[PDB]
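Residue numbers (PDB author numbering): 38 to 146, 168 to 192, 203 to 473.
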Ligand SMILES: CCCCCCCC/C=C\CCCCCCCC(=O)O[C@@H](COC(=O)CCCCCCCCCCCCCCCCC)COP(=O)(O)OCCN
Ligand SMILES: *[C@@H]1O[C@H](CO)[C@@H](O[C@@H]2O[C@H](CO)[C@@H](O[C@@H]3O[C@H](CO)[C@@H](O)[C@H](O)[C@@H]3O)[C@H](O)[C@H]2NC(C)=O)[C@H](O)[C@H]1NC(C)=O
Ligand SMILES: *[C@@H]1O[C@H](CO)[C@@H](O[C@@H]2O[C@H](CO)[C@@H](O)[C@H](O)[C@H]2NC(C)=O)[C@H](O)[C@H]1NC(C)=O
Ligand SMILES: *[C@@H]1O[C@H](CO)[C@@H](O[C@@H]2O[C@H](CO)[C@@H](O)[C@H](O)[C@H]2NC(C)=O)[C@H](O)[C@H]1NC(C)=O
Ligand SMILES: CC(C)CCC[C@@H](C)[C@H]1CC[C@H]2[C@@H]3CC=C4C[C@@H](O)CC[C@]4(C)[C@H]3CC[C@]12C
Ligand SMILES: CC(C)CCC[C@@H](C)[C@H]1CC[C@H]2[C@@H]3CC=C4C[C@@H](O)CC[C@]4(C)[C@H]3CC[C@]12C
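Here is the structure:
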């Protein structure tokens, strides 16, 4: 999300709260700037740790004024916290009481810790309340800085994973270009679209890495990035699905390229991409407009129908091909169908494990590996793409996979 916040104090109830996972030994900086001052101020701040992620997930600021009393009777959730309050006559716009040269304030759950600092990597909730007693007047700048500049926890492993994915996709592109350049006398039209898929994946990974680098080094995310990356990912997935469907039917490999075969049938699968547009951009930009179930159900049903169609077409194509005594293409089709069935089994196992580990627990006691659900799918897609690349590689006699009328 963000690490730098600018807030006009005379707005609402003057409560500013945020809950997120933070590193150990991270500092929180508060600055105040604005017009000349004439009103008494009273600033109170709470910084609370979290035993499990649940209280950071269902934390709604709209009732935060109630939440404090839940933290006042010692009847809330377990976790140590620090509190402090200070009074200022007019504005105190040049003192650094919240910056340095403070004291050692004990935490309640004999601590003697630094005033405003994290003591262990964990989910933290920070709340600040300003009371003004005798139309913007001030401006509050809030920053968080740990061992890195602005890269909080839960984003470091994702950034490393995206870097590794960028390197892997660059290697894939280099290998494909080398193989293509080595054998250019006779290629296939199916061997040109795999380069397009690799290019789209490379662009998506580069966009993600650039966005993460900018958010780390500036503290503010780029608005038109995540949406573009999601759109590119959806386009790449739709292209891969349609290529697999067209290969499964034997269009151009077993049977001749009939006039209306892909027309009105294969192209109509492009609406799947539309559904892929309703779950990517919608999920990346938090809306919560009662569309999560509508974003997950039809995509799963469409994918199941596509898998059913692909398997039936593959069975029919293999049955037809075995009757004419063909051995070169039969082994390739058997390897292709084995890879597809293994991918389906791995995907179903992954989805069962993800649904049985994360969204079944009362509160997530293991929040460290909370990023795996956003990377296992990409890793599986990359592995399947590499296997398909190894299966369909240009060679000396690159014509065994032709129709040959
Ligand atoms: C004996 C009973 C009769 C059996 C007859 C056979 C009927 C079929 C039976 C069972 C089918 C079981 C289907 C289970 C549902 C599928 C999983 C699911 O829910 O679909 C899921 C999982 O999707 C997958 O990850 C894999 C789905 C399988 C796709 C396999 C083919 C394409 C793989 C990509 C390869 C590209 C390589 C292209 C190279 C060029 C090639 C020429 C949808 O997430 P998603 O992904 O959208 O993104 C999630 C983002 N959060
Ligand atoms: C604004 O707030 C401050 C504290 O929040 C008020 O306290 C005054 O702060 C000054 C700054 O050190 C103290 O020193 C005085 O400064 C004036 C101007 O530089 C100087 O002429 C005096 O000889 C003295 O050194 C001052 O003692 C302190 N006053 C009190 C009663 O504690 C400040 O008064 C507020 N400003 C206004 C205009 O109300
Ligand atoms: C916590 O982080 C701080 C800052 O990253 C470090 O404490 C010292 O910070 C100053 C900078 O003002 C450095 O010059 C010192 O080298 C840092 N270490 C010490 C021992 O002074 C340090 O990384 C961490 N400090 C503790 C006590 O864990
Ligand atoms: C500044 O605001 C805090 C609230 O964050 C005030 O703390 C209250 O103090 C009164 C009397 O001391 C009691 O009701 C409680 O101790 C506090 N109430 C809470 C925490 O809800 C503090 O008194 C304020 N400073 C003033 C008025 O000078
Ligand atoms: C295409 C396939 C083969 C690529 C596989 C890349 C693997 C090796 C990458 C992807 C994600 C990576 C992990 C991402 C995050 C972390 C946390 C860090 O504190 C230690 C390293 C560790 C645990 C990484 C180790 C290497 C890792 C597992
Ligand atoms: C989402 C929408 C806009 C995509 C529409 C593009 C269509 C026309 C593309 C996408 C995939 C393409 C197919 C990919 C693979 C092959 C194999 C080759 O041996 C003959 C051409 C053929 C069969 C292509 C024909 C055109 C095709 C069907």
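Just so you know, even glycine gets a beta-carbon here, dropped at the ideal spot from N, CA and C.
Going by beta-carbon coordinates alone, are residue i and residue j separated by less than 8 Å?
i: residue 74; j: residue 172; result: no
i: residue 284; j: residue 326; result: no
i: residue 298; j: residue 289; result: no
i: residue 275; j: residue 296; result: yes
i: residue 306; j: residue 348; result: no
i: residue 86; j: residue 117; result: yes
i: residue 142; j: residue 115; result: no
i: residue 56; j: residue 183; result: yes
i: residue 54; j: residue 98; result: yes
i: residue 470; j: residue 251; result: no
i: residue 317; j: residue 381; result: yes
i: residue 205; j: residue 106; result: no
i: residue 225; j: residue 421; result: no
i: residue 309; j: residue 374; result: yes
i: residue 91; j: residue 215; result: no
i: residue 42; j: residue 185; result: no
i: residue 363; j: residue 350; result: yes
i: residue 51; j: residue 189; result: yes
i: residue 313; j: residue 378; result: yes
i: residue 401; j: residue 370; result: no
i: residue 60; j: residue 176; result: yes
i: residue 268; j: residue 303; result: yes
i: residue 411; j: residue 365; result: no
Name the two residues that bound the continuous beta strand (DSSP E) containing residue i.
i: residue 59; result: 52 to 59
i: residue 124; result: 118 to 125
Helix or strand or just coil, what does DSSP make of residue i?
i: residue 415; result: helix
i: residue 440; result: helix
i: residue 225; result: helix
i: residue 79; result: strand
i: residue 366; result: helix
i: residue 318; result: coil
i: residue 190; result: strand
i: residue 356; result: coil
i: residue 294; result: helix
i: residue 133; result: coil
i: residue 111; result: coil
i: residue 332; result: coil
i: residue 97; result: coil
i: residue 422; result: helix
i: residue 253; result: coil
i: residue 337; result: helix
i: residue 371; result: helix
i: residue 203; result: coil
i: residue 217; result: coil
i: residue 348; result: helix
i: residue 429; result: coil
i: residue 406; result: helix
i: residue 234; result: helix
i: residue 49; result: coil
i: residue 248; result: helix
i: residue 385; result: helix
If you follow the alpha helix (DSSP H) that residue i is part of, which residue opens it and which one closes it?
i: residue 66; result: No alpha helix (DSSP H) holds residue 66; the beta strand (DSSP E) holding it covers 64 to 71.
i: residue 274; result: 258 to 286
i: residue 101; result: 101 to 107
i: residue 91; result: 91 to 94
For residue i, list the residues DSSP reports as bridge partners.
i: residue 42; result: 210
i: residue 184; result: 55 and 84
i: residue 142; result: 171
i: residue 390; result: Answer is none; residue 390 lacks a bridge partner.
i: residue 323; result: 319
Practice prompt. Give me every residue whose Cβ sits closer than 7 Å to any heavy atom of ligand 8, in chain order.
Written response: Ligand 8 is absent from the structure shown, which contains only ligand 1, ligand 2, ligand 3, ligand 4, ligand 5 and ligand 6.
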